[PDB]
Amino acid sequence: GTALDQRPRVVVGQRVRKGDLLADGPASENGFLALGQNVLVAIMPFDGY
Amino acid sequence: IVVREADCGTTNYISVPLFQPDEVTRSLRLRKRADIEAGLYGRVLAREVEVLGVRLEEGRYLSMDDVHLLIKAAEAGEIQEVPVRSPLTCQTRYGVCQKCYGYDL
Amino acid sequence: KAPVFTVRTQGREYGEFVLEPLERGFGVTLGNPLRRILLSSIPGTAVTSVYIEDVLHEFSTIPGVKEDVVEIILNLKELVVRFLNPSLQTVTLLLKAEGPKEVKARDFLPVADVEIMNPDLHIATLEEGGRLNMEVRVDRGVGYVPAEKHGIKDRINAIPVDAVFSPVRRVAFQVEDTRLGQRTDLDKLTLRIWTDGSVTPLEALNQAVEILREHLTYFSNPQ
Amino acid sequence: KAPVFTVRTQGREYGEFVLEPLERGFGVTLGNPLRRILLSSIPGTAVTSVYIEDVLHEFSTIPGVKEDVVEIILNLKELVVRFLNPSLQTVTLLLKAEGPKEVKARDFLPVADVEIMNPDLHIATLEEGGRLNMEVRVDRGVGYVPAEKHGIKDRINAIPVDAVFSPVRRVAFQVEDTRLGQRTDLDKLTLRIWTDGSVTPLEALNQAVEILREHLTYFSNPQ
Amino acid sequence: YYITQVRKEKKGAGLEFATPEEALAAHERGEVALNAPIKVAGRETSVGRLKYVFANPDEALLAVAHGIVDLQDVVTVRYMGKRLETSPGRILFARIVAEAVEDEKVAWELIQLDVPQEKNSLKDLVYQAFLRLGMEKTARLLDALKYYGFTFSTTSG
Amino acid sequence: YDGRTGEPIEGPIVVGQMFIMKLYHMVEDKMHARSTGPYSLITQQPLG
Amino acid sequence: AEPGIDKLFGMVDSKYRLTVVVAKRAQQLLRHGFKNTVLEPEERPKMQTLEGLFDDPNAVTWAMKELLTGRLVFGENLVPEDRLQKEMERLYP
Amino acid sequence: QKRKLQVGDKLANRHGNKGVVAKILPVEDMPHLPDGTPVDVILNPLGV
Amino acid sequence: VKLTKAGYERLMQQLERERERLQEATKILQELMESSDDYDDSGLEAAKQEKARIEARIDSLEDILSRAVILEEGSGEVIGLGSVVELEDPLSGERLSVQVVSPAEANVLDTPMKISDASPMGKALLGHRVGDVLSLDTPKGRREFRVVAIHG
Amino acid sequence: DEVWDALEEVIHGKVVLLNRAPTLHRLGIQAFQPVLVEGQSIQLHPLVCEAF
RNA sequence: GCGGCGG
DNA sequence: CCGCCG
Ligand SMILES: [Zn+2]
């Protein structure tokens, strides 16, 4: 039950190299696997949250 | 098993030993602080015992301090066992009485 | 020695405000309070709802259009518009271009009283026969609001978007050494503020300053 | 709605203050700043330097006097004096007593416009033939100034004492969540104040708020 | 813990104020120099105690809150009846507890401000509190600890 | 600096870009709250 | 925790007893009408939006607050089983 | 439907630190760096 | 089981040390099971497993210490238990110092290298006296040594 | 918005019980006074985390 | 009923 | 052990 779309990452009229990402997969962007995001994180304690 | 009672009368108590026998051949030692506590904490004295100057009345529930006392005393050499009420000797057929179970609620 | 509140403003985005001298530890005592208001209380604008002609749900796709409805509505919340009078509570920008083109925020049909400081924002890309027409609802609000909280329904088939009202991106205050006075232990608070454009660094500062004062008065009647 | 400013004051030392409801994270925007002020800005009095005739050092012992120099000076920090007008920037308290008597803070000879609200304060016990004569300086300042920071020199053999200006002792504030029909993510600011008696928690608060406001104004003229 | 702990720094020379008065002054100036630290191994008291002497318990905290002393610094503080040689942190701790349960006297009767607070020192605190002031009252101390423990935990860094 | 007090946090704190993800654990699967309803026909149980 | 529960526990020979007493008294508070209390003049329980806890908040809350004072009596066999419910309806509208 | 991250949701890093969202903090008062930039998430050190 | 006063003392002390280690490991174990925060981590299996390796060594020390004989024979002639031997290699004139002891006392860390009773080199030496010469097998070959003497 | 006032009014001093996954000892379920809150998750007191 | 999965 | 999905 998860989204599975392919978002084209190429523009009209572009010279493509053999074996180049035409569109990105469900969790791959730029041809890399991505699952979640990179967030800025501080590593310390809060009240108790 | 439940707790319904009136200080069950039958006084046939369990003696909590303070010294352990063999770990290295024969030689008597003071059981570990923990273990003694386990056996005497929140218990009820079957019979009275003056140990280091204080009179620990019969039936009194010996708090943690009290058990420390008994240990401190055992160090000196005034008592090797302890008279205390327990389920192991309850008269109440089906159930156990206040004095025998002890403190811990 | 009365706080010489100086100002160096460049554009409508950046806006540094110096203010010294200040008795021991007030630079901070002011710096933080104002900062907290600046990001949470300041009012502004955001795209509250949109509607594409042949799209029924936000998770759809429009022919001859690269980006998905979600990739789009995502880009719209990045749209920073600017009204000029309270009489502009809810504006509805309209846009519609076809064929081979790159829709930019500049293609919205002008609305005489409000201006778009976000011109080159990329809205979408169209191949051929790319029929894209849409109406984007915009409002003046405050703070953040989940599209699920307001649920705007201009048209039965339009999709509500998330509210991003804070007209500031980042606030920072610095406390430096003394300039004037007979003692060296003093504060030189200078705070630099960053705005998307809707309002100005100064505008903000002032409003915040006001909101603060506004609350101070609430300590009046006891009970 | 309008912040309900409730009050619960007992005496002139304690003072509970509640103020809700308030918007998201605002109790904290108020509270902290006020605290920062309530301890550093509020003007009051504190003993500055002392001088016992026969005493030369801070660590010694006056015969016939159970208390050590240190204990006495200590006791004096406890002293709470109150001036009436500007003309009193620096007043010298004088006090001499002998024999088998308890030396209370009410034994200092009365000064024209100065008042001692810490009368029964125990300063020193004198044994038979106990000679105790000293001169304690008192000033109006703000916050806390370590004896090593100011270093007053009335008599070249006297001793500088840490200054306990603020008539406020400690300040505690809490940001608990409160309910209001629709939403529950609300702030309820309850701030409690402790004063030595010189002024009441309620006065102090106001003074603070004012002081803050006054500073808000200084953001007026650019340059 | 981090609030009840005490600090020990480096000591160029023999910390002898055990006896010298030119040791109170000198050792105290050598301190104002770059020589003897606010927490030197001085037997009777490290210069840290010499400089700051707090009358009222509040007296200390405010000095902290103004930046004069850090919570974990060894200072001198006049309490109910004794000039005690402890740190603000420690003291603070006392108050916290003494606050949780109104009987301030019974408070310091069951806590040991002689060592940093460890899980155990606390364990035993709770246990004692239960037997001493009643059930609900202890509940209050727990919440109290919970609260402070957490706050300090965040600002400690 | 805190943000709530604007006061620093005594002692450097490490921070950085860490890659983290959301899991197949929405709370969508997490809150059945029952008041009243259906009972089994053969055995008396509030089955749903 | 709860208002002087320790004091309460002290008033009973066994924990569970307190509960039983606490409860049955909360029942009599609603059944025979909610005016069957003993400490309503001063310091009667209270609520926060409108001082209305004087009319009907929690029952048990009351029971306890009443039991905390030496007003009510509790016993193994204090009043004749049935005679109690008869006299109560009589003296309470 | 759209699944926006909320309090009950659980996230985790490639090293094994798993956890649920306890409180969603308003940028307003959360840990920010000297330069205006605030952080996004605070991981309790104690789990390391 | 045969021990020297030296040997006895050593094993007795080691036992003491391992008791302290067990008490520590225990404390630790207890804390873990009490935590119930992070389970399924090498928190239990390690603590436990560690405590085991200890208890085992303890059972070995108590066993040996519970029934060992003490042979007070510092004045003897033939190499027996407790005997301190010294062997010189005829060729290199190398002086080797060793002491044969019961399996439980062996320890290359000691002043005289303490060799097991039922140790090859250990076997070779028992039953011989100053002067004798004997061989055993070695990876490089086989080196004969002459018992130069035997202190207590 | 008035209903909430009501709900929060009906709950005043009532408490509910909470249960952990495997109920092991009597403390596997404790009682607490509920205080209405935002979101889906359930706020639990830290100190009792050890119990369950 | 069988696979998977949370603590 | 308790729980949930397909
Ligand atoms: Zn019995």
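Regarding how it was determined, this PDB entry cites X-ray crystallography in its header, along with a resolution of 4.10 Å.

The zinc ion binds to the protein through B:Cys90 (SG) and B:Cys97 (SG), with metal-donor distances spanning 2.5 to 2.8 Å. You can call B:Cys97 buried: its relative accessible area is 0%.

Quick look at the protein's contact with DNA strand L now. DNA strand L sits among F:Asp29, J:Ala21 and J:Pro22. The sugar-phosphate portion of DNA strand L accounts for 75% of its atoms within 4 Å of the protein, the bases making up the rest.

Further remarks concern the side chain of D:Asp139. Residues and elements named next belong to chain D. Positionally, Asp139 belongs in strand β10 (residues 132-142). For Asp139, a relative accessible area of 11% translates into the label buried. A polar side-chain atom of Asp139 sits 2.9 Å from a polar atom in the side chain of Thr48. Setting aside residues no more than four positions away along its own chain, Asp139 makes contact with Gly44, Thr45, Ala46, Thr48, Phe83, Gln89, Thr90 and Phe165.

This next bit is on the protein's contact with RNA strand K. In the region of RNA strand K, the neighbouring residues are F:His25, H:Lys10, H:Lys18, J:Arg20, J:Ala21 and J:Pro22. At the protein interface, 73% of the atoms of RNA strand K within 4 Å belong to sugar or phosphate. H:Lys18 places a polar side-chain atom, nitrogen or oxygen, 3.1 Å from a phosphate oxygen of RNA strand K. A class-by-class count of the residues in the surface near RNA strand K yields 2 nonpolar, 1 polar and 3 charged.

All right, on to the relation of the copies chain C and chain D then. When chain C is fitted to chain D, the best match, at an RMSD of 2.1 Å, comes from turning it 177° and sliding it 1.3 Å along the axis. In the structure described here, the two chain copies are related by an operation that fits a two-fold rotation axis. Of all interface residues in chain C, 88% are interface residues in chain D too; the two copies therefore contact each other through one and the same surface.

A general feature of soluble globular proteins is that nonpolar side chains tend to end up buried together. In this structure, C:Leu34, C:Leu38 and D:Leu38 are the most contacted members of the largest nonpolar core, which totals 51 residues. Non-local contacts of D:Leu38, meaning those with residues more than four positions away in its chain, are made with D:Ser166, D:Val168, D:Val171, D:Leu191, D:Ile193, D:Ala204, D:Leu205 and D:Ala208. Counting 37 residues, the second-largest nonpolar core is a separate cluster that includes D:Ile62, D:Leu126, D:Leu132 and D:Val136.

Residues and elements named next belong to chain C. Once the domains are mapped, chain C shows domain 1 (1-43 + 166-219) and domain 2 (44-165). A straight line from the C-alpha centre of domain 1 to that of domain 2 covers 34 Å. Contacts between the two partners involve 10 residues from domain 1 and, on the opposite side, 11 residues from domain 2. For the pair domain 1 and domain 2, the summed buried surface comes to about 750 Å²; carbon and sulfur atoms form 55% of the total. A per-residue breakdown of the area domain 1 buries against domain 2 is headed by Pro43, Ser166 and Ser198, which together make up 54% of the total. Along the contact surface separating domain 1 from domain 2 lie 0 salt bridges. Across the domain 1-domain 2 interface, the total number found is 1 residue pair in polar contact. Residue classes in the side of domain 1 that touches domain 2 are distributed as 3 nonpolar, 5 polar and 2 charged.

Conventions and cut-offs
- Residues numbered from 1 in each chain as written, not as in the entry; some residues may be left out.
- Chains lettered and ligands numbered in written order.
- Part of a larger assembly, values for the part shown.
- Heavy atoms only, no water.
- Donors = N, O, S within 2.8 Å, 3.2 Å for Na, K, Ca; no water.
- Buried < 20%, exposed > 50% of the residue type's maximum accessible area, 1.4 Å probe, protein only.
- Near = heavy atom within 4 Å.
- Helix = DSSP H or I, 4+ residues; strand = E, 2+ residues; numbered from the N terminus.
- Polar contact = N/O pair within 3.5 Å; in protein donor to acceptor, adjacent residues only side chain to side chain.
- Contact = heavy atoms within 4.5 Å.
- Nonpolar A, V, L, I, M, F, W, Y, C, P; charged D, E, K, R; others polar.
- Least-squares fit on C-alpha atoms.
- Core = buried A, V, L, I, M, F, W, Y, C linked by side-chain atoms within 4.5 Å.
- Domains from an automatic or database assignment.
- Buried area = accessible area lost by both parts, 1.4 Å probe.
- Salt bridge = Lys/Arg side-chain N within 4 Å of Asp/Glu carboxyl O.

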